[PDB]
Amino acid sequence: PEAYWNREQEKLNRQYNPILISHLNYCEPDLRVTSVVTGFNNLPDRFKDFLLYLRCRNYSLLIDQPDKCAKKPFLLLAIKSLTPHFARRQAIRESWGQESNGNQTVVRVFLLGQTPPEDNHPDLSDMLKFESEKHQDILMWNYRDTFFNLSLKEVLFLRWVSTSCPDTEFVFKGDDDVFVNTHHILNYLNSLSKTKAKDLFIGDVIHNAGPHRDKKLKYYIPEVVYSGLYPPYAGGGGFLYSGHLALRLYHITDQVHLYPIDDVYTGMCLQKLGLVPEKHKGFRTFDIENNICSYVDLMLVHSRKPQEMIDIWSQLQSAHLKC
């Protein structure tokens, strides 16, 4: 196996089939990638950091909401966000991300990493703390919140679900620029039979995909780093799954090396469990933009601005009448 990820994952498979934890807590830079990865020095900076710190995922929680799931939630909303996105998070709080309760309790968390000053980010830590005290929906870990560290955001969130919210019935994970018709989510979840609910995982699933080889593309992956195809994976900006599956997914994450694209990593983890994400037409990653009617029978639409999220949500409340 010439590609680095394939070779490391293959060695990891041998580790987890022992005869008859250094890839999870080794947080010093793995200077070995310098020599074994051909052309390491001309790879972009994001690939260098990813390869160097691939074996470290024991990052701690700087901001936590321990009593978030004191009450068994029916649906846990887990929204990926960045420190400066105060308006996106607030618009979500006021529209589709509203918490609720009586057997259908809805709880909300925002998943943040660090935007550290050493990367020239403006110091917004005081406002972030003020926001966390006021809305109590901020979870923040001490890792650099970057594009290629989104798999870390995934794994660390699944860890938090395991320790702090293991009894949530269902989990929705999505981006902070996606509108979610949470009314339609709850209706769909309530309609599920017990067999389909237990290992539920639906989204905008992509089949027969592979790494983009064009260096200019955002999702570009060099052949040096990864070879082969991509598993079926839910992409876009949101997928929905059962809490039972989340607990299974987290325990398999140790057996799968982190991958630079977090959605592919989640698809990989599903493949390791022998599961297949289910494609649902209601997840329209793909839809630019009146027509409130499309919004009643959708589950989520990517993507929307803060103002649009509130505008669509207010309209959506009167849509059973109009549409």
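Counting begins at 1, following the sequence as shown. In this text, the rigid core denotes the largest set of C-alpha atoms whose superposition between the two forms falls within 1.5 Å.
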Worksheet entry | Farther-lying stretch by C-alpha RMS in 8 other deposited structures of this protein (rigid core fit) among 233-241, 144-152 | 233-241
Practice prompt. Find the stretch among 269-277 and 292-300 with the larger RMS C-alpha deviation in 8 other deposited structures of this protein, all structures being superposed on the shown form by the rigid core.
Written response: 292-300
Practice prompt. Tell whether, across the other compared PDB entries, at least a third have no coordinates for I310.
Written response: no
Worksheet entry | Test item: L20 lacks coordinates in at least a third of other entries | yes
Discussion item. I'd like to know the size of any gap between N101 and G102, counted in deposited residues with no coordinates: none, 1 to 3, 4 to 9, or 10 or more.
Written reply: 1 to 3
Discussion item. Regarding 164-172 and 223-231, which shows the higher C-alpha temperature factor on average in the entry?
Written reply: 223-231
Worksheet item: Higher mean Cα B-factor in the deposited model: 2-10 or 313-321?
Response: 313-321
Response to the item:
Looking only at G274, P29, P260, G267, the Cα with the top B-factor belongs to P29
Response to the item:
Reading the B-factor column for Cα atoms of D254, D297, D64, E278, the highest value belongs to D297
Worksheet entry | Chain thirds of CA B-factor: placement of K129 | middle
Worksheet, complete the sentence: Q136: CA B-factor among chain residues, third -> middle
Worksheet item: Can you tell me which third, lowest, middle or highest, the CA B-factor of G238 falls into for its chain?
Response: lowest
Discussion item. Taking only the Cα B-factors deposited for this chain, tell me whether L150 sits in the lowest, middle or highest third.
Written reply: lowest
Worksheet item: Can you tell me which third, lowest, middle or highest, the CA B-factor of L186 falls into for its chain?
Response: middle
